[PDB]
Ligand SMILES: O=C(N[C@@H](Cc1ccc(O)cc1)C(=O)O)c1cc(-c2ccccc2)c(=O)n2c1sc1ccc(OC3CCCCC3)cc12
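Next up: just one chain, as structure tokens, the form solved without this ligand.
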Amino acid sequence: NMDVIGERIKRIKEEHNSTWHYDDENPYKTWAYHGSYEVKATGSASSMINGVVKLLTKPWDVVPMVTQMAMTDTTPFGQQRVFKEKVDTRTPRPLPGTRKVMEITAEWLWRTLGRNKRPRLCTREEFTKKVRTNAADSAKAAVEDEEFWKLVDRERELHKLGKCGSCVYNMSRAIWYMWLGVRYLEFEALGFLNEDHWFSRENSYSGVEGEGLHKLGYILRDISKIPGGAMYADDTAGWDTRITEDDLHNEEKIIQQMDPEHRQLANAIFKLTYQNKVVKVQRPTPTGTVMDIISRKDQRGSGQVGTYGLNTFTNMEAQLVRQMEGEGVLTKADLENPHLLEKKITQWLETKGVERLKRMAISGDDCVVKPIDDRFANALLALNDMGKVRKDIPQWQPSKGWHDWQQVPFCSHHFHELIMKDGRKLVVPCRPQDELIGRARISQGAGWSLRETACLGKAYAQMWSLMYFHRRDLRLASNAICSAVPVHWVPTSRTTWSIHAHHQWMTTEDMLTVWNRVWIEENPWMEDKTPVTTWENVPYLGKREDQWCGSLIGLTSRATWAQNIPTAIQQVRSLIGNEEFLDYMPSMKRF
């Protein structure tokens, strides 16, 4: 193994030979530990609070979930704890028949996915345009420096020679350039999966990439119309730690459809950075803080360019195999059998595969499957054997499915069908309200001025106006925040890193106009394009559903807060200073 990772370690060792040592009291059990070197402590024990959101959400000061979200440990102690819990484990190898089914399915799935699209190299200008339009950090400084691109070219030349010298994954500028350069080369070779939307619903059938949170509920309602059994949505315990050497070799098969110059570079990413990896992890010690250099041959690096697409691919593959077992195509004898008959697997894929892909919604490790019947609930032999063991359930206990698409969890949400005052139907995303308020109250980092804080608050408020307007507390809070923040201040910083976020709220455009564009105009499931001219005609969940999903409506603390909210808005306004504000409260029946 040292012939693939040796150069990378040698470079770290030489760069840090001042403090380099072999700490023989390292906690690594399943990862190969190479050595340590002293570093400054990174991360925080708690998170900075957004004072603007906090001052306008007083009844949530006494909410346990809200308080918990303000915590989250990112220090060396925090990193080490989570590492021990999941990351430091070994997945038993799948049986020979299981490996054969996975291989046949992976081959057919890659050909299906590549039927209209062809893989291609991503460029320096694509990465630059992304880094720019995202930041509008020190990544933009690297992208602007020609010296960064020269290091990129030098690493690429090693990659063409089947070698790696600096591509290290992380759990002054030279160390930073090497990380961003590793991510650029990964983007260059595998970015086409995201950039050319290989996992869009039109291309992949099961996929939802590029669809957006505002479309997922509509997709789940469409799946519910397909005849079959219940809708299943099983969670895998630590999916990324369950990616096997067999899964990686199956994912690699995409290189067969590439141009030779592209195949060479993607092969280097697969063989040197995915199937072999050098990882940096911070660890506290009595002496101080050290960086451990570790390695392994399996699992997925969660921060990588290809992670989402390759998890989506492998999960679509694992769900087709579970569907086959449910249908009696795959038996216990077949999974143990090295000489398993390929014919019936190939016949099922070619005649039923695509129809079976359409019964699913798959986003990385998140899946929803509507099998042809409920034998699937008890079809666990292949799922467990592939290493995709379901979270917090005995291994052989049958899965519990849902007979209502509205009860189905998917991508940290559930979805409600609403009836508007004009009789039109809307399908909206939803989650427990404490999680929404709890997140909005967290600002990211330190040294943030009241201006930047108010603008992040405005971004959260506007995200709620577009996605979660159907929650009474969030519409009130959203209007209060937008009334407290100067009208012309542009929402800055992101509210989420979610691939499902299209960030329509990142604007100073009127939110009712944006609402109309998203839910009416561009909405494929909205036949009648009549605009909604007032927020008074923008619907809410039924009062009972709003309460079931965490609303404080009907509580006295909530009525007190609503009644006294112009006072809290005025307090925020007075501290922000003499700027132009707009009273958004009259857009509600209360004012």
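Here the rigid core means the biggest group of C-alpha atoms that line up within 1.5 Å when the two forms are laid on top of each other. Residues carry their position along the shown sequence, with the first being 1.
Between 304-312 and 173-181, the larger root mean square Cα shift in 7 other deposited structures of this protein, once each structure is superposed on the rigid core, falls on 173-181. Displacement analysis by core superposition in 7 other deposited structures of this protein ranks 444-452 above the other of 315-323 and 444-452 in root-mean-square C-alpha distance from the shown form. Compared with other PDB entries of the same protein, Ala142 is present in all of those that resolve the residues around it, none of them, let alone a third, dropping it. According to the entry, the stretch of the deposited sequence that connects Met171 to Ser172 contains 10 or more residues lacking coordinates, which leaves a long gap in the model. In this entry, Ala136 is separated from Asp137 by 10 or more residues of the deposited sequence that have no coordinates.
In this entry, 256-264 has the higher mean Cα B-factor, the comparison being between 256-264 and 382-390. Averaged over CA atoms, B-factors in the entry run higher in 119-127 than in the other of 92-100 and 119-127. Of all the options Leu158, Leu436, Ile293, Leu320, the entry's greatest CA B-factor is assigned to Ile293. Based on the entry's C-alpha B-factors, the most elevated value among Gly353, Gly217, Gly207, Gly301 belongs to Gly301. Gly306: CA B factor lies in the middle third for its chain, per the PDB record. Among all modelled residues in this chain, the alpha-carbon of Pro27 has a temperature factor (C-alpha) in the highest third.
Sorting the modelled residues of the chain by their CA temperature factor places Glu527 in the middle third. Per the deposited record, the Cα B-factor of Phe83 falls in the highest third when ranked against the other modelled residues of its chain.
For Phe77, the recorded CA temperature factor ranks within the highest third of the chain's modelled residues.
Below, we refer to the form solved in complex with this ligand, which is not included among the displayed structures.
In the entry with it bound, this ligand sits within 4.5 Å of a heavy atom belonging to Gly303. When contacts are judged by a 4.5 Å heavy atom cut-off, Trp497 counts as touching this ligand in the entry with it bound. Within 4.5 Å of some heavy atom of this ligand in the entry with it bound lies at least one heavy atom of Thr307. By the criterion of a heavy atom within 4.5 Å, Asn194 is counted among the residues contacting this ligand in the entry with it bound. Checking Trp405, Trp179, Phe83, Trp108 for any heavy atom within 4.5 Å of this ligand in the entry with it bound turns up a single hit: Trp179. Contact with this ligand in the entry with it bound, defined as any heavy atom within 4.5 Å, is confined among 295-303, 259-267, 446-454, 334-342 to 295-303.
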